[PDB]
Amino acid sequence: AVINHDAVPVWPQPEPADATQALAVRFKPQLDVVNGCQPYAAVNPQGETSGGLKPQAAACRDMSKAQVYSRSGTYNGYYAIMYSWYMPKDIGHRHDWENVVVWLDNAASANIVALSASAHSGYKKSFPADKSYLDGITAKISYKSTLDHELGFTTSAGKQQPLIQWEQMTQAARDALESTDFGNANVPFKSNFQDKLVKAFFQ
């Protein structure tokens, strides 16, 4: 069930308890919000979710509300870390969920081989990962509408948010993200995770 969009507390980034969670902290991207909403927390540990906003950005520009999400897995032999942002709205529509995937050759050597970024029903792909889109090993992502909002790769510097990973959530939060109706938007790291990795795959 919903609570006010500006009353979802920021889930504090915990210490990484295993190599999966440490990898997701290591590869946390930067985001450059060119226009529209800042990223907000979408869920709290009790499983309450953001009510979002009716469809400028004055109700969704508070930098203190920032949150980023991730979930990790494998596909076709590669290691994928999906990072995902929720915005209270994208005339547009209530709610917005977008994601990028950082592809590693495997979790041991952990070389970035490709990046994917959600745009409408598909993904932009950078294969091999263009070094102008990387600040070290930190991917530089843009959030912008020219058409509703889409992610992209950018040379511009961006901002980072406290990260709470799927693997670190309470069961009540994972349950809420699986079952909640986000309307025109869809959580991309729930039970559709592997299906999304297929769509994001770079070959």
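The numbering used is simple: start at 1 and walk along the sequence shown.
Unmodelled deposited residues between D90 and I91: 4 to 9, per the record.
The modelled chain is continuous from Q160 to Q161, with every intervening residue of the deposited sequence accounted for. Looking at 181-189 and 7-15 together, the entry lists the larger mean B-factor for 181-189, computed on C-alpha atoms. Stretch comparison (79-87 versus 107-115) by mean CA B-factor in the PDB entry places 107-115 on top. Across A66, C60, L147, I141, the entry's maximum B-factor at the CA atom is seen for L147. The top Cα temperature factor in the record, among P39, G52, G47, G36, falls on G36. When the CA B factors of the chain's modelled residues are split into thirds, the value for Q30 lands in the middle one. Ranked within its chain, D175 lands in the middle third, by CA B factor from the PDB record. Among all modelled residues in its chain, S121 ranks in the highest third by Cα B-factor. In the deposited entry, the Cα temperature factor of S72 sits in the middle third of values across the chain's modelled residues.
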